[PDB]
Each structure stands twice: as C-alpha cells, then as structure tokens.
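Engineer:
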Amino acid sequence: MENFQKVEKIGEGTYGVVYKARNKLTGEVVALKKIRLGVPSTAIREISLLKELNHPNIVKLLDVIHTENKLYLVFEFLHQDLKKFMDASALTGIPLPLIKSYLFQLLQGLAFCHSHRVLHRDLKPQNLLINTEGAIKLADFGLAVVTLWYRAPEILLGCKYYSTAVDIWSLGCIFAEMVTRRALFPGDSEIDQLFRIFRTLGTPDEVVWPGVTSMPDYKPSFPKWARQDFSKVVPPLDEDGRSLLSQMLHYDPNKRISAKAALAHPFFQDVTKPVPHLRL
Ligand SMILES: CC(C)COC(=O)c1ccc2c(c1)/C(=N/Nc1ccc(S(N)(=O)=O)cc1)C(=O)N2
C-alpha cells in the first residue's frame, strides 16, 4: 500500500474505507479500498473471481493487494455518485432520457453479473458511479447506519437463499427515486421498511406471493393494507415506465422481471445515451 498516495476519503462502506489515491509508480488515479477484517482463504478466492467479472457498467477492480496480512482493493475511479447527482438535480429533476439511459445501462450490468451467478445484494445511489461520458457503473459488491430503503421484501422477511431478483427490486426503487426526486420506501428500521412497502404495494398474501406466509419472519399479525395505484406512486412517469416499474417491484421474486427481460421492455424502445451536466 506504500505504492499509493492518498488524496482524500470518498466513502465508508460495509466492507471498508474508500480513498481517492494516486499510484506513485504509474501516476494512475484510483479508488483504494481498505478491507475491514489474517484474511480468510475463502475471501481471497471470492475476490479473485471479481477481478475477472469485467463489463463497461461494472467499476473495474484493477488489483487485489493481499500483503502484510492486510487486504486492499484497487478500483477504477469515477468522479461522482448517483446520490450526489440526484441531490444536484433535485430542483429540476434528471431529464427522462438520462434516467432511461442510466436504468438501461444498469440493467445491462446486472444482466451480465446475474448471467455469471453474481449478485450485488446492496444496490443504492451511493454505489452507482457516473462519469462525464454518460456512463453509469455498479460498485461495492462481491465480498458477501445501514440504509434499508432499497432492500427487497424477501430479505426483510428472512429469506436465507434469495436470488438475483433482490437486485431488480433495488434498481426499481432507484428508478422511482430518479423519477419523483423522493425515496420510494425510506424506512428507518426493518419493520418500518417492510410496512412502508406494504402500505404502498399492499400487504402480500398467498394470492400475489405463494409461500409468503411460511417465510421465516412473516407474522400472521401483520396489518392488512390495500394496494395503491402506480399512477399515484410515480407521477408523472408514462405508462411504459410505470409498467416496467410494476414488474421490477413484483412481490414474488419468481414473478419479478429479470434484467435481460427488462432490457426488451417497450420503455427502452427510444433509449439514447445523453451526456449529463456534471459539476466536478
Ligand atoms: C463507500 C462505499 C459506497 C463503498 O464504495 C466502494 O466500494 C467503491 C468502489 C470503487 C469505487 C468507489 C467506491 C468510488 N467512489 N467514487 C466516488 C467519487 C465521488 C463521490 S461524490 N459523493 O459524488 O463526490 C462518491 C464516490 C470510485 O470511484 N470507485
């Protein structure tokens, strides 16, 4: 790690602390992540797998530094996250063509991960990175106050062996947030998160989600709320966007649209790649 000059702290995550840093030998500007822990052998193999999971919409893992019984991940650096961009665009809103481009690119990144049986598990605006070229990239995955706003209901209900559908749920929540300029389900506890989902989409039952009542944390005593219309949930999003969002937010993970099928949805018929106005 003596090969890198730290410039500034850019974040703190579940797995560790991230710095903007400069390689003293190549002059390369990178994101250096110090992993929070000797390093287990299983961790080294799983991280070695991430190195090969390369795609234009996945933040590149340049190098894995396992020296002096410490672990550092050297990543590609991007200048802004979607959280800061959404905050900067709050007065006017992100233009719909740019929302659509970002959603389309992230679904391409997800379809790629998911085809290699790799789940993100914790998508959120803070780990979605953007550049001046109009690209958006997935970061902070592959090592498996905590934000619960994007957590799929099967995780909250105690599913131990959840699927790639949890990522589709998170991305649908982020899509809604880009459109409305407000978090869709801003829970501040696991039950508040669950009940916020239930108040908008209706308390799930065996009809809409077969097997829901036998889930580890399901309680028959859950209040029974009626579902709201999507026209009320994400105005002024057009019918194509609302249709896609409804499929990304299906309760049953088996009914929830896949990343590959979402890419063929009519909402992306007129997709383009606009360039954002970034203030760096
Ligand atoms: C810390 C938590 C999420 C875990 O993060 C990661 O594992 C991780 C991995 C590789 C990365 C980055 C983060 C990163 N971050 N860059 C950045 C740059 C500017 C702003 S900001 N807020 O708009 O000024 C925010 C983020 C980057 O470039 N490569």
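FYI, the numbering for the sequence shown is 1 to 37, 43 to 149, 163 to 298, going by the authors' numbering. Using N, Cα and C, we set each Cβ at its ideal position, and we do this for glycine too.
1) Three or more C-beta pairs under 8 Å: does that hold for the region 104-116 against the region 277-284?
2) Would you check if the distance between the CB atom of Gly11 and the CB atom of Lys34 is smaller than 7 Å?
3) Taking just the CA atoms, how far does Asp247 sit from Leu54?
4) Along the chain, where does the beta strand (DSSP E) containing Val69 start, and where does it finish?
5) Kindly give me the distance between the Cβ atoms of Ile141 and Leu128, rounded to whole angstroms, as I take these residues to be in contact under 8 Å.
6) Of all residues in the structure, which have a C-beta closer than 5 Å to any heavy atom of ligand 1, taken in chain order?
7) Ends of the alpha helix (DSSP H) at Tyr107?
8) Which word fits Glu172, buried or exposed, when buried means at least 16 other C-beta atoms lie within 10 angstroms of its C-beta?
9) If we call anything under 7 Å between Cβ atoms a contact, is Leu83 one with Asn23?
10) Determine whether the beta carbon atoms of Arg245 and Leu219 lie at a separation below 7 Å.
11) On the CB-based measure, 16 or more other CB atoms within 10 Å of its CB, does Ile209 come out buried or exposed?
12) Have a look at the DSSP bridge pairing and note the partners of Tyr19.
13) Enumerate, from N- to C-terminal direction, the unbroken alpha helix (DSSP H) stretches of 4 or more residues contained entirely within the region 245-275.
14) Who are the near neighbours of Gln287 in its chain, counting only those whose CB is closer than 6 Å to its CB and skipping five residues on each side?
15) Counting only the same chain and skipping the five closest in sequence on each side, list residues whose C-beta sits under 7 Å from that of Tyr236.
16) So what's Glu51 in DSSP terms, helix, strand or just coil?
17) Based on the DSSP secondary-structure assignment, which residues constitute the bridge partners of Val230?
18) Roughly how many whole angstroms lie between the Cα atoms of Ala95 and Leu296?
Structural biologist: So, from the listed chains and residues:
1) yes
2) Here residue 11 corresponds to residue number 11 of the sequence shown, with the count starting at 1. Here residue 34 corresponds to residue number 34 of the sequence shown, with the count starting at 1. Against a cut-off of 7 Å, the Cβ pair of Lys34 and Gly11 comes out as no contact.
3) Translated into positions along the sequence shown, residue 54 becomes position 49. Translated into positions along the sequence shown, residue 247 becomes position 229. Answer to the nearest angstrom: the Cα atoms are 42 Å apart.
4) Residue 69 sits at position 64 when you count from the first residue of the sequence shown. Unbroken beta strand (DSSP E) run through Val69: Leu66 to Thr72.
5) Position 136 of the sequence shown, counted from the first residue, corresponds to residue 141. Position 123 of the sequence shown, counted from the first residue, corresponds to residue 128. Going by Cβ atoms, the distance from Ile141 to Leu128 rounds to 12 Å, so no, they are not a contact pair.
6) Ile10, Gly11, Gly13, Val18, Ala31, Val64, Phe80, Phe82, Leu83, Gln85, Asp86, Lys89, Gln131, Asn132, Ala144 and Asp145
7) Here residue 107 refers to the residue found at position 102 when the sequence shown is read from its first residue. Its alpha helix (DSSP H) spans residues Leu101 to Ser120.
8) As a working note, residue 172 is residue 154 in the sequence shown. Its Cβ being crowded by 16 or more others within 10 Å, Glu172 is buried.
9) For this step, residue 83 is matched to residue 78 along the sequence shown. For this step, residue 23 is matched to residue 23 along the sequence shown. In this structure, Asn23 does not lie closer than 7 Å to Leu83 by Cβ.
10) On the sequence shown, position 227 is the one that residue 245 refers to. On the sequence shown, position 201 is the one that residue 219 refers to. Yes, the Cβ-Cβ distance between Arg245 and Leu219 is below 7 Å.
11) One-based indexing of the sequence shown puts residue 209 at position 191. Result: exposed.
12) For the purposes of this step, residue 19 is taken as residue 19 along the sequence shown, with counting starting at 1. In the DSSP output, where bridge partners are listed per residue, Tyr19 has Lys9 and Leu32.
13) 248-251 and 257-266
14) Within the sequence shown, residue 287 is the residue found at index 269, counting from 1. If we look at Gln287 and ignore the five residues flanking it on each side, it has no Cβ neighbours.
15) Taking the sequence shown and counting its residues from 1, one reaches residue 236 at position 218. The residues are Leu175 and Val230.
16) Counted from its first residue, the sequence shown places residue 51 at position 46. The answer is helix: DSSP assigns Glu51 an H, G or I state.
17) Locating residue 230 in the sequence shown gives position 212, counting from the first residue. None; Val230 has no bridge partner.
18) Taking the sequence shown and counting its residues from 1, the one referred to as residue 95 is at position 90. Taking the sequence shown and counting its residues from 1, the one referred to as residue 296 is at position 278. The alpha-carbon atoms of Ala95 and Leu296 are separated by roughly 14 Å.
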